[PDB]
Structures are given as C-alpha cells and as structure tokens.
Amino acid sequence: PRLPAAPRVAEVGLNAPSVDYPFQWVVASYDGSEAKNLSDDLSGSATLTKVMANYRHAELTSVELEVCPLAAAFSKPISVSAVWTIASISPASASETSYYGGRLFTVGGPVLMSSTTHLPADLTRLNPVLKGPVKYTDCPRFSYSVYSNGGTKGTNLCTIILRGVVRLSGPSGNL
Amino acid sequence: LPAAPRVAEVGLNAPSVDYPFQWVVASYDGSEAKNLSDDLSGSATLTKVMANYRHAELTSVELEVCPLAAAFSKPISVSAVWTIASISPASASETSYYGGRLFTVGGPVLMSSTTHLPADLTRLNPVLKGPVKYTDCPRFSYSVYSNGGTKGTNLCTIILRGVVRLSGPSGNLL
Amino acid sequence: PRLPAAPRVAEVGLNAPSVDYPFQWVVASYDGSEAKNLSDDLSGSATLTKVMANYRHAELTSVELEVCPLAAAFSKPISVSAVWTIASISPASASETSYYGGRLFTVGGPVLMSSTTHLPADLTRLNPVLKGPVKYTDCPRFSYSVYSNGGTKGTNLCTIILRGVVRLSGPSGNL
Amino acid sequence: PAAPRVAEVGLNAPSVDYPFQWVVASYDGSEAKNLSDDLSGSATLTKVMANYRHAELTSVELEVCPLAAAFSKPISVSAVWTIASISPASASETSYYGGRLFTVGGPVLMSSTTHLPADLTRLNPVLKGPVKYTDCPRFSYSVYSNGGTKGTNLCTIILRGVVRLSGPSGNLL
Amino acid sequence: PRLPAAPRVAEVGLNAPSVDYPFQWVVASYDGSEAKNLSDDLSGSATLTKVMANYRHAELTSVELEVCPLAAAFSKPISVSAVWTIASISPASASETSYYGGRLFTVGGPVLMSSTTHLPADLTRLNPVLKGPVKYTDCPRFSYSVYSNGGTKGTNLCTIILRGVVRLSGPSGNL
Amino acid sequence: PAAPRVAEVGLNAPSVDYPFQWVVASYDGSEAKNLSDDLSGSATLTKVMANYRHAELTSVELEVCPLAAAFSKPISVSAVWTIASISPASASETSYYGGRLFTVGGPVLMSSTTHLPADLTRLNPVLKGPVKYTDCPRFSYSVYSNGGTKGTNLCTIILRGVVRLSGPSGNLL
C-alpha cells in the first residue's frame, strides 16, 4: 500500500556529520489471555527518546515492527492486527484493519518463522524526522492489537519487537 | 470478460486526489450460511466517503477473505464474484457466474494472497459517482457456507480495500 | 420528414466483437370492431428485452413498422395512424398525425400489397442504442392507432408487425 | 474544469437562447414551508423544454421579492442552489456552501441582495439531453414561521434565467 | 499429454461477426457417501445448448473442468478421476485413468486451494466447434468419477464446476 | 511577501478545492458572549481536514446574517480576523486592524456589509500541514448585551470559504 504524496517541509543542511544508530528492543510479549492494544508514536518512545536525548537532529532511515512467534504458539496461533500511520491519526483498539495498509497477521502453526509478519514503515510517505528544530505532526506511529485465543496467562504466544536505524546529527553540549 | 462499448468523459484534467480506502465488510463464523451482495455505488461506507465529491472513479478494488486464528483448526469456505451492478447473483450461487471463485480460508496456511479477489476494472466501470447514473458499476457478491461455528469465533473477516480518485468536491452538509 | 440534428452523447469503443441479430414479430392483429391504440418504447419491449437480456450493449441498425393488409380487408379497408418519436414524447390516442412525421395509412382495396404502409425509423435522428452503460431518454418509440370501420369482431382486417436488426455487443457472464 | 462531464458530440447544432421567468410561489408567515425542486423536471419549465431535445442553462437565479405587506413584518427564507443529488433538509440551507438567509421587509424595502444566482461552473448547466444527468441545478428554500395573517402573502419567490434550446423535436404544435 | 494430430474438416468463413460468450456453471457437488460417475458431451449440454440455441455456429475457444474443494474436505480429502476425450469415446465408470490424459485428483488436506486439480481441454486436438452446419463426432466430452470415502451424506466435500468461452456466430432469425 | 514562511518542497501535489460552509452559532441579546477560534483546530472543520494531510485556505469569511426577530431589536457584534498568536480580549475587537462592529437588524434587513473576509495576504493560508503553524487565521467575535428574550436567537454567525486539500491519508472510511 502506497499512500499518495503530500507536500512536506524542506530542510537545508543534511551535510553535518552524523552517525547511523541501529536500535532494537522488544516492544512486548503477548499471550491469548486477553486482547491487548498498544499504539505508540516514535517521536515520544521512551527508549528512542533516551537514545537521541543529546542530539539536535534525529531522523529515521528504516524501521519495522516484527511479530515473532514462539514455541508455545506452534499448536495455538495468535492474531495481531497492526498499522503504521501518521502521528496525527490515532487508530482505536482492534480497528487497525479499517486504516489503509493495516494488516492482520496470524503467527503460529507449522510455519514458525516467516517474514510475512514483519510490517515495515514507508518512510517515503511518513516523516523520517523524529527530533528536529520544529515538532512534526506526521511522524510514524505504530498501532497494533492482539486478539485473545484462550491462552493460559503465561505461555507468551508471540513477541512484538521493533528494530530500525536512526541517524543522529548535531550533538548539543549538555550534561 | 469480453469488451463492451462505453461512454466517454471529456475533462480528465480536473483537480483530482487519489483517496486510498479500506474497511472491513463483516466477520463471519460458520454457524449459519450468510449472503451479502453490494453495489459499490451504493455501499454505505464508500458513499459516506464520496458524498462530498461530484465525481469518484475507482483505480483498483479487491475484496479479501482474511483468516483468523480460530480458523487455523476449522477452515471456512466463501464463494465470491465481481459482477455488473445490473447482475445480482443469488445466495450461494456465485460460482454460476463467470469469474466466480470458491475460496477456502484456514488451515496451517493462514496467510496467502490466493484468496484476494480483485475487480476487473478494465471490463467493468470504474466510475461510481458522476453526472450520469451508470449501470456497469462493480458489484461484489459473496456467500459464506456454514461449517459448524460457535457464533463467537469469527473464523474469517472480509476486507475491501482499494483506491478511489475523487474530483470536484461539493458544498455538502459538513 | 427529417428532424433537425440535436447534440448526442459520444460512445468510445464500438470495436468490440458484435453480432447483428435480426428480429421480427407480429405486433398485433386488428379489425374494425373498435378503435385500438398502442404505444411502445423499443428500449422496454418484452421480446426485444429478452433478446438482449445477456448483453451489455445493444443498438439498433434498422427498424420499421409494417402494416400488412389481409384478405378480409379487400372489400373493407382499415385506417391506421402511426408515428416514430423519441421515448420522451408519448403521443396520445388517435392523435399521431399531430406529430411531425406521423402518417395515416389506409390498407385494403384492390391493391392488397404495397410498401407505402411500411413506416421506417430515422435512426440518424433517434437513438439507435437500446441497452448500454447509461439509460437514454430518446430511444425510438412507435405509437399507432387503429380506427374502427364496423368490423365483425373476428376478421382481423390488418396485421401490424415490426422487424429490424439489433447489434448485440459485450455479453455479460450471468446465468 | 471542476469535475469531468459526459462527452457530447455534435454540440455545434443550431441553438436559440430562451430567456424565461416565472414566479415560484407567494409565501405568508402563517407556517414554515419548505420547497426543493430540480430544474431537470420542473413542471412549469419542461413545457418550455418539451419542444426541444437539448436544453442547457446559461444563467439562472432565485429572487426573493418583498411585497408591501412585509413593510411592518419582515419574513425570513433560507435558500441554496445545489447538486440535484444533494437534497438539503428543511431549515438547513445555511449549512451548505452558497446557502443564504434572505430576510425581507423591515424598515426599508430596497435591499437588492435577495438575488441568489446559481454557480454553473460548479454545477451542470444541462437540464435536458439524451441522458438523465444527476448533477443539474436544484433550488431548495425554506420559509420560516412569521406572524402572518394567513392571507397576506407578504413574500414572493420567483425564478428567472436563460436556457439555450437546441435540436427541436416533432412534438405537438 | 498431447494426442497426435488427425485430419479435420476445413471451414471457410470465420470472418462473420461473432461474440465471445463466457460461461460458467457448477456441474455438481459431491460428497463421500457413494461413488458417482458423470460423463457429458459439450455438444449436448443443456445449459450450453440453451446458450447457443439462437446461433448457427458456436465454437469453443477454451474450456476446463474445475474440482474445487470445500471446507468440509479439510480433514477428509476426496478422490475424483477425470478425462477429456472425443465424443466418440465414452469412458466407463471409475475407469478414466485407463484413457490417455486421464488424471486422478485428490482434493482436500492442508492445501485447500490449488490449480493442480483444474483439468483443461486441449482444443487443438479435440474439436472446438459445438454447433455448426454439420454435426461433428469428435467434440469434447468430459468424463469423471468420484470415489466414496465415508462421507456423511450432506457435507458436500467437493464441487465440480465447468467454465470456458464459446464464440457464437451467425444468429438465426427465429422466435 | 509580507513576512517569511517555512519552505514546503513538493507543493505540486494533486489537490482538490473543497468549498465549506457551516453556521457558527445563533446569538440572542440576553447576555454578552465572546468566542475566539483558530481555524487550525476548529472542531467542525478538522473532520473535513482529517482525511487529508495538507489543507490550505483559498478564501474564508465570517458572515453575520440577521434573523427576522432582529427587525424590532438590532444586535451588535464586533469581529476580527487575526493571527492565531494574537488572541483579542472581549469587546476589544475594534482595536485591532480590520476589526469591524457589525450591527444587524434595525429598520432595514438588507445591509450586505456584514461580510468580514480574511486577508490571507497578511495571514497564513495553511491550516493543516507537517508542522503546527502559529499564524493561521483566527476569528474572534463578541456579541454585546441586547434586550433579548433569552429564546429569540435574533442573530446568526456562519463561516464559509474554500480550502484546498492535498495528500489524502489512509484514515477511517
């Protein structure tokens, strides 16, 4: 799904020295005990905020949400509906298939490893910049919902992890 | 489908914006067989989207029968067809019309693009709203066969997504 | 009678495979018992509708109304006034000579066969298309009236029959 | 061009401009009265357009002419020109773009601002044709409840404009 | 399987206006209650006969027999043996694997959708013409047999449907 | 150019002009009522702009339409279009440039001078964008205390204009 292009701000510079910072952290681990929703804006992510707390500029080069199955999900698949939107749009709970590009993955079964449940962000349409001189309103936001399937409260059927690369530029001299 | 003659539209350079849309039609469990045939020109969600524009023509539409986790151990069968708005298929008889498909979603293969049915806008009519009321507008008709559902499992879900080009906004109520 | 030209819709295509379908059916048989009127739009004619019920496009190439006399009309001619109009205009009963091109035929007498009582349709001015993507409002409509001349209720002085050719294109896959 | 339109070949036909004007209705303040009409099938205009195959609006406007009886009692009517597809409800004509609320009468019977002209660049000028267009002009107006005397008729609504008629048909004389 | 070429009649014309008529109808629905055989010649198929009842010429351009599985066949596959022969050859019941090109499909199991159970007709070797000036004896004939696997008389394990395209030419003026 | 603006690359995107009109509020003379709203986050316009990423005003105006009940009792409202940064206080709308004092009703309900159009050459036309602009149009009007009957609603404030919407987003259908 390719969203139509929209006018965007122009940023001069982009020639300052900068380092690509690869980050990855498990978003959460989910079972089938209850349906659980989580929507997060990458501008205000706590771990990502503390990654770029000392730099003036920080823009994403790639980011993707990974729905990794576990062994306990071999005989009990679990369903997760996920979407990447702009920060302005805030999807509701369990209603991420109503937004264009929202996909409903089902992890488990005989195929315990597959790249069909990793949802990437189309940074050409979203806003790569997370921290800058001005606060942007169309930064990527990931919203997902996990449907209950009678889990036993501890098996942790699936794990949602988020990884990517953020380019950090222009450190500010504060301590 | 064989070609048919069609009317012509003059101004294709009018300011138009491509409007991607997606909305879940309904979630079905195999407790009872359920039919649904809808013309895209009169579907409630699409028409509340495009009631504010004078012209609205599709670029690509595709109905999707996405399996859920509960359908892993209990597949469900749906027969679907994309036809002309003049033709209204009956219940459970979507295989009697040319191009009708009989999808069966579920099982260990929980994800596959083989159950995605796209509309043939080359032969159908992309235009849903315009100066005239066409009769070749696409109609999607599907029937879900009962297989012993639990009335709460929601084995499958029906997702209709695509792109509609809207042009000439109207001074409507909102 | 040649009506002045009026602007008409433009239809692209017309290159799809199509078959000329020759049709002919007796419209009715009339005697002099009572004056009888009949006006019919060729778009909604039942026999013609079932001819083109499986095709997307159906346009006339020629059509004419034939007032054929019978033997019983040899010594008792009968009068029929007929007109071809657009579907918007609906002639009244026995008032088809007030519309431009309406003609009053008298069939019978020593000349029992003549082509002067066959009224053709000027499809250059009317709309040849009967079935298409859009419903047209100026398709041919034939309106005629039969005047009573003291018939004996069963002799069937004249027979009105309609024949023509309709080109059918773009079959639709329905059964 | 705001929106695409259906192609019409052979538009260079002999056509005549036909100015028309007719009073829509006279309204008093006894009760609120709504009226919405599509110019495609207006009863008192089709008689003008019955003799021709093509009718295309060049200009059209809705006029709210006050009467002298409205001097001591103003009357308010809300009107809008819209697409024939859109059918505004009663007293909701100010919620659509171009919808006005003409109040007439009052101390001075001179305000010539009661004209409500149709924006044919955002509408479909064609009223009659081979097909039945769905975006022809439609006028919708609602008259609010004044303290009317049930007989005064202290407001007048009229329609005037120009329609270009082409391709006459062999109709009744 | 490609049958060797055989001499065939020559037909002049083939330039008359003609429309491709796409047809599709479910042949039947079968379960495992009992073994059921069906052999049908496409020249005399009732639905196909009424499709081309008003045309002088009608020749196939493509046709295939589809063995579509159902949900109830997920845990209970069903076996169908099918063959396309000439109208002269009439296969017996449950003996379609003895004829060259006869294939034994098994529909069901974890793979509920596959194009390996759709058997097409080699119209280069068979006779595309179904209706013409003369009656041909080598028109396509489809013969299939469904083996019983202890079905419960109502589950309808599989559905056999037949779809194709027939070109219709030279309508005859009859009503 | 009155003042510098933020650069916006890729402005040649497919855009559609979206005329909008909605009645702001109906006011009686019972008590003085102030209302100042920024078009960047107006509740009844964001629903139009929620489905698109960029929204740029082409024209906008504030209209004070009198009602018939104002014939015998005029009502005065002071309004101004200003920078969203500036937030004029109550009854101080005539102290800013372009602030008008529309009095409506009176002997004649015909004065069409109640239009207050925004000067977009001195403002920021953009209502929605990647950033949150601080100089978008903001309309501020205060209605003074008449001798109202607390139910008459003898004045109406409406907003109409055109917004160019570009870059639709995959929002709800």
# chains A, B, ... in the order shown; residues from 1 in each chain; ligands from 1
call {"tool": "closest_atom_pairs", "arguments": {"of": "chain B", "to": "chain F", "cutoff": "6 Å", "atoms": "only C-alpha atoms", "output": "CSV"}}
result
residue,atom,partner,partner_atom,distance
B:15,CA,F:16,CA,5.3
B:16,CA,F:16,CA,5.8
B:17,CA,F:14,CA,5.3
B:19,CA,F:168,CA,5.9
B:20,CA,F:170,CA,5.9
B:169,CA,F:18,CA,5.3
B:171,CA,F:19,CA,5.3
call {"tool": "interface_residues", "arguments": {"of": "chain A", "to": "chain F", "cutoff": "6 Å", "atoms": "only C-alpha atoms", "output": "PyMOL selection string"}}
result
chain A and resi 4-10+99-100+136-138
call {"tool": "write_last_selection", "arguments": {"atoms": "N, CA and C atoms", "output": "short mmCIF file (atom, residue, chain, number, x, y, z; two decimals), in the first residue's frame"}}
result
data_model
loop_
_atom_site.label_atom_id
_atom_site.label_comp_id
_atom_site.auth_asym_id
_atom_site.auth_seq_id
_atom_site.Cartn_x
_atom_site.Cartn_y
_atom_site.Cartn_z
N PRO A 4 -0.65 8.38 -1.31
CA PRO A 4 -0.29 9.47 -2.22
C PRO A 4 0.61 10.49 -1.55
N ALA A 5 1.46 11.12 -2.37
CA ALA A 5 2.42 12.08 -1.86
C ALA A 5 1.72 13.35 -1.38
N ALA A 6 2.25 13.93 -0.31
CA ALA A 6 1.75 15.17 0.26
C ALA A 6 2.90 16.15 0.42
N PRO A 7 2.63 17.45 0.33
CA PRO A 7 3.71 18.44 0.49
C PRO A 7 4.34 18.35 1.87
N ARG A 8 5.65 18.54 1.92
CA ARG A 8 6.42 18.42 3.15
C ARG A 8 7.39 19.58 3.27
N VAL A 9 7.82 19.83 4.50
CA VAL A 9 8.76 20.90 4.78
C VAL A 9 10.12 20.58 4.15
N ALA A 10 10.86 21.62 3.79
CA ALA A 10 12.19 21.48 3.23
C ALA A 10 13.22 21.80 4.31
N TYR A 99 -7.92 1.03 8.60
CA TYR A 99 -6.99 2.04 8.10
C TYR A 99 -6.18 1.45 6.96
N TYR A 100 -5.99 2.24 5.91
CA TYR A 100 -5.30 1.75 4.72
C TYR A 100 -3.89 1.29 5.07
N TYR A 136 7.23 17.92 14.36
CA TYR A 136 6.42 17.48 13.24
C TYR A 136 5.22 16.69 13.73
N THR A 137 4.13 16.76 12.98
CA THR A 137 2.87 16.13 13.36
C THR A 137 2.56 14.87 12.56
N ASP A 138 3.42 14.48 11.62
CA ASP A 138 3.17 13.30 10.80
C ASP A 138 4.33 12.32 10.91
#
call {"tool": "interface_residues", "arguments": {"of": "chain E", "to": "chain C", "cutoff": "8 Å", "atoms": "only C-alpha atoms", "output": "list in words"}}
result
residues 17, 18, 19, 20, 21, 22, 23, 24, 25, 169, 170, 171, 172, 173, 174 and 175 of chain E
call {"tool": "residues_around", "arguments": {"residues": "residue 124 of chain E", "least_positions_apart": "2", "cutoff": "10 Å", "atoms": "only C-alpha atoms", "output": "list in words"}}
result
residues 2, 3, 5, 61, 121, 122, 126, 127 and 128 of chain E
call {"tool": "write_last_selection", "arguments": {"atoms": "C-alpha atoms", "output": "mmCIF file, in the first residue's frame"}}
result
data_model
loop_
_atom_site.group_PDB
_atom_site.id
_atom_site.type_symbol
_atom_site.label_atom_id
_atom_site.label_comp_id
_atom_site.auth_asym_id
_atom_site.auth_seq_id
_atom_site.Cartn_x
_atom_site.Cartn_y
_atom_site.Cartn_z
ATOM 1 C CA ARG E 2 -0.551 -34.262 -26.335
ATOM 2 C CA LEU E 3 -2.507 -36.540 -28.654
ATOM 3 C CA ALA E 5 -2.769 -34.771 -34.898
ATOM 4 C CA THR E 61 -12.118 -21.168 -27.524
ATOM 5 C CA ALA E 121 -9.245 -29.276 -22.665
ATOM 6 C CA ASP E 122 -6.686 -29.460 -25.475
ATOM 7 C CA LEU E 126 -10.378 -32.006 -29.846
ATOM 8 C CA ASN E 127 -12.972 -30.197 -31.951
ATOM 9 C CA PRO E 128 -13.700 -26.618 -30.815
#
call {"tool": "atom_distance", "arguments": {"atom1": "atom CA of residue 127 of chain B", "atom2": "atom CA of residue 86 of chain C"}}
result
27.6 Å
call {"tool": "select_by_dssp", "arguments": {"residues": "segment 19-129 of chain A", "states": "strand (DSSP E or B)", "output": "ChimeraX atom specification"}}
result
/A:19-30,36-41,55-69,78-86,103-107,118-120,129
call {"tool": "interface_residues", "arguments": {"of": "chain B", "to": "chain A", "cutoff": "9 Å", "atoms": "only C-alpha atoms", "output": "PyMOL selection string"}}
result
chain B and resi 17-24+66-70+72+107-111+159+161-162
call {"tool": "residues_around", "arguments": {"residues": "segment 119-124 of chain F", "least_positions_apart": "6", "cutoff": "8 Å", "atoms": "only C-alpha atoms", "output": "MDAnalysis selection string"}}
result
chainID F and resid 1:2 58:59 82:83 135:137
call {"tool": "write_last_selection", "arguments": {"atoms": "N, CA and C atoms", "output": "PDB file, in the first residue's frame"}}
result
ATOM      1  N   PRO F   1       5.474  39.747  -0.605  1.00  0.00           N
ATOM      2  CA  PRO F   1       5.507  38.933   0.613  1.00  0.00           C
ATOM      3  C   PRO F   1       5.617  39.786   1.870  1.00  0.00           C
ATOM      4  N   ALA F   2       4.639  39.670   2.768  1.00  0.00           N
ATOM      5  CA  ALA F   2       4.674  40.464   3.993  1.00  0.00           C
ATOM      6  C   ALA F   2       5.707  39.926   4.974  1.00  0.00           C
ATOM      7  N   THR F  58      -7.994  28.999   0.661  1.00  0.00           N
ATOM      8  CA  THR F  58      -8.003  29.873  -0.503  1.00  0.00           C
ATOM      9  C   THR F  58      -8.822  31.129  -0.259  1.00  0.00           C
ATOM     10  N   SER F  59      -9.931  31.000   0.462  1.00  0.00           N
ATOM     11  CA  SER F  59     -10.732  32.135   0.889  1.00  0.00           C
ATOM     12  C   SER F  59     -11.557  31.703   2.088  1.00  0.00           C
ATOM     13  N   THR F  82      -7.513  37.572  12.800  1.00  0.00           N
ATOM     14  CA  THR F  82      -6.187  37.941  13.267  1.00  0.00           C
ATOM     15  C   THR F  82      -5.267  36.730  13.205  1.00  0.00           C
ATOM     16  N   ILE F  83      -3.993  36.973  13.517  1.00  0.00           N
ATOM     17  CA  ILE F  83      -3.024  35.893  13.631  1.00  0.00           C
ATOM     18  C   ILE F  83      -3.405  35.006  14.808  1.00  0.00           C
ATOM     19  N   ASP F 135       0.572  31.164  12.881  1.00  0.00           N
ATOM     20  CA  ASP F 135      -0.016  32.372  12.317  1.00  0.00           C
ATOM     21  C   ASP F 135      -1.193  32.057  11.399  1.00  0.00           C
ATOM     22  N   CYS F 136      -1.886  30.953  11.656  1.00  0.00           N
ATOM     23  CA  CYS F 136      -3.088  30.629  10.913  1.00  0.00           C
ATOM     24  C   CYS F 136      -4.198  31.615  11.268  1.00  0.00           C
ATOM     25  N   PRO F 137      -5.208  31.756  10.408  1.00  0.00           N
ATOM     26  CA  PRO F 137      -6.307  32.675  10.722  1.00  0.00           C
ATOM     27  C   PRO F 137      -7.022  32.270  12.001  1.00  0.00           C
TER      28      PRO F 137
END
call {"tool": "closest_residue", "arguments": {"among": "B:136, B:57, B:62, B:94", "to": "residue 164 of chain B", "atoms": "only C-alpha atoms"}}
result
B:57
call {"tool": "select_by_dssp", "arguments": {"residues": "chain A", "states": "alpha helix (DSSP H)", "output": "list in words"}}
result
residues 46, 47, 48, 49, 50 and 51 of chain A
call {"tool": "write_last_selection", "arguments": {"atoms": "N, CA, C and O atoms", "output": "compact mmCIF listing (two decimals), in the first residue's frame"}}
result
# COMPACT_ATOMS: atom_id res chain seq x y z
N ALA A 46 10.05 6.10 24.73
CA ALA A 46 10.95 6.38 25.85
C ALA A 46 12.37 5.92 25.55
O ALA A 46 13.33 6.68 25.72
N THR A 47 12.53 4.67 25.11
CA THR A 47 13.86 4.18 24.77
C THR A 47 14.45 4.98 23.61
O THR A 47 15.63 5.35 23.64
N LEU A 48 13.64 5.26 22.59
CA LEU A 48 14.14 6.04 21.47
C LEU A 48 14.40 7.49 21.88
O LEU A 48 15.32 8.12 21.35
N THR A 49 13.62 8.02 22.83
CA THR A 49 13.89 9.37 23.32
C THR A 49 15.22 9.44 24.05
O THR A 49 15.99 10.39 23.86
N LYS A 50 15.51 8.45 24.89
CA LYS A 50 16.79 8.46 25.60
C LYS A 50 17.95 8.10 24.68
O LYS A 50 19.10 8.41 25.02
N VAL A 51 17.69 7.46 23.54
CA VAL A 51 18.74 7.25 22.56
C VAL A 51 19.21 8.58 21.98
O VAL A 51 20.41 8.83 21.83
call {"tool": "interface_residues", "arguments": {"of": "chain D", "to": "chain F", "cutoff": "10 Å", "atoms": "only C-alpha atoms", "output": "MDAnalysis selection string"}}
result
chainID D and resid 2 71:77 92:114 144:146
call {"tool": "write_last_selection", "arguments": {"atoms": "N, CA and C atoms", "output": "tab-separated table (two decimals), in the first residue's frame"}}
result
chain	number	residue	atom	x	y	z
D	2	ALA	N	-14.08	21.78	-12.90
D	2	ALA	CA	-14.14	21.26	-11.53
D	2	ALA	C	-14.24	19.74	-11.52
D	71	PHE	N	-43.72	45.32	4.88
D	71	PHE	CA	-43.09	46.51	5.45
D	71	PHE	C	-43.09	46.47	6.97
D	72	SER	N	-44.23	46.14	7.57
D	72	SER	CA	-44.38	46.13	9.01
D	72	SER	C	-44.03	44.78	9.64
D	73	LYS	N	-43.69	43.78	8.83
D	73	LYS	CA	-43.41	42.44	9.34
D	73	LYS	C	-42.43	41.75	8.39
D	74	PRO	N	-41.15	41.73	8.72
D	74	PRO	CA	-40.18	41.03	7.87
D	74	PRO	C	-40.40	39.53	7.90
D	75	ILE	N	-40.01	38.87	6.82
D	75	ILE	CA	-40.12	37.42	6.69
D	75	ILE	C	-38.79	36.87	6.19
D	76	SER	N	-38.37	35.75	6.77
D	76	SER	CA	-37.05	35.18	6.52
D	76	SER	C	-37.18	33.85	5.78
D	77	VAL	N	-36.42	33.71	4.70
D	77	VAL	CA	-36.38	32.49	3.90
D	77	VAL	C	-34.93	32.13	3.63
D	92	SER	N	-32.14	23.85	6.87
D	92	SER	CA	-30.72	23.52	6.89
D	92	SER	C	-30.01	24.03	5.64
D	93	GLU	N	-30.53	25.09	5.03
D	93	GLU	CA	-29.96	25.61	3.79
D	93	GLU	C	-28.75	26.50	4.01
D	94	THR	N	-28.50	26.95	5.24
D	94	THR	CA	-27.31	27.74	5.54
D	94	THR	C	-26.11	26.88	5.88
D	95	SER	N	-26.28	25.56	6.00
D	95	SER	CA	-25.18	24.65	6.28
D	95	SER	C	-24.49	24.15	5.02
D	96	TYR	N	-24.97	24.54	3.84
D	96	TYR	CA	-24.35	24.19	2.58
D	96	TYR	C	-23.67	25.41	1.98
D	97	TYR	N	-22.59	25.18	1.25
D	97	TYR	CA	-21.85	26.28	0.64
D	97	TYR	C	-22.74	27.04	-0.33
D	98	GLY	N	-22.73	28.36	-0.23
D	98	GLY	CA	-23.58	29.19	-1.05
D	98	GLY	C	-25.00	29.34	-0.57
D	99	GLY	N	-25.35	28.76	0.58
D	99	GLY	CA	-26.69	28.92	1.11
D	99	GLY	C	-26.83	30.23	1.87
D	100	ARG	N	-27.86	30.99	1.50
D	100	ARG	CA	-28.10	32.30	2.07
D	100	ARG	C	-29.39	32.31	2.87
D	101	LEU	N	-29.51	33.31	3.74
D	101	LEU	CA	-30.67	33.51	4.60
D	101	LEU	C	-31.19	34.92	4.33
D	102	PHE	N	-32.08	35.04	3.35
D	102	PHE	CA	-32.63	36.33	2.97
D	102	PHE	C	-33.79	36.68	3.90
D	103	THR	N	-33.66	37.79	4.63
D	103	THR	CA	-34.76	38.36	5.38
D	103	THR	C	-35.23	39.62	4.66
D	104	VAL	N	-36.53	39.68	4.36
D	104	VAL	CA	-37.07	40.74	3.52
D	104	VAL	C	-38.16	41.48	4.27
D	105	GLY	N	-38.37	42.73	3.86
D	105	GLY	CA	-39.31	43.60	4.53
D	105	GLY	C	-38.59	44.66	5.35
D	106	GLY	N	-38.96	44.79	6.61
D	106	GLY	CA	-38.27	45.67	7.52
D	106	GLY	C	-38.51	47.14	7.24
D	107	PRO	N	-37.70	48.01	7.84
D	107	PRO	CA	-37.88	49.45	7.63
D	107	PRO	C	-37.73	49.89	6.19
D	108	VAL	N	-36.83	49.26	5.43
D	108	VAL	CA	-36.54	49.67	4.06
D	108	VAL	C	-36.78	48.48	3.13
D	109	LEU	N	-37.62	48.69	2.12
D	109	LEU	CA	-37.85	47.69	1.08
D	109	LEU	C	-37.02	48.02	-0.16
D	110	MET	N	-35.70	48.01	0.01
D	110	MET	CA	-34.78	48.41	-1.05
D	110	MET	C	-33.61	47.45	-1.26
D	111	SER	N	-33.31	46.58	-0.30
D	111	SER	CA	-32.16	45.70	-0.42
D	111	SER	C	-32.31	44.78	-1.62
D	112	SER	N	-31.45	44.98	-2.62
D	112	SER	CA	-31.42	44.14	-3.82
D	112	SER	C	-30.46	42.97	-3.67
D	113	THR	N	-30.17	42.56	-2.44
D	113	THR	CA	-29.28	41.45	-2.16
D	113	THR	C	-30.01	40.12	-2.05
D	114	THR	N	-31.30	40.09	-2.41
D	114	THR	CA	-32.07	38.86	-2.37
D	114	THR	C	-31.79	37.95	-3.56
D	144	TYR	N	-39.53	30.50	7.00
D	144	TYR	CA	-39.73	30.34	8.43
D	144	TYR	C	-41.09	30.89	8.86
D	145	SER	N	-41.46	30.58	10.10
D	145	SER	CA	-42.78	30.94	10.62
D	145	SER	C	-42.74	32.38	11.13
D	146	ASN	N	-43.45	33.26	10.44
D	146	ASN	CA	-43.61	34.65	10.86
D	146	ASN	C	-44.90	34.78	11.66
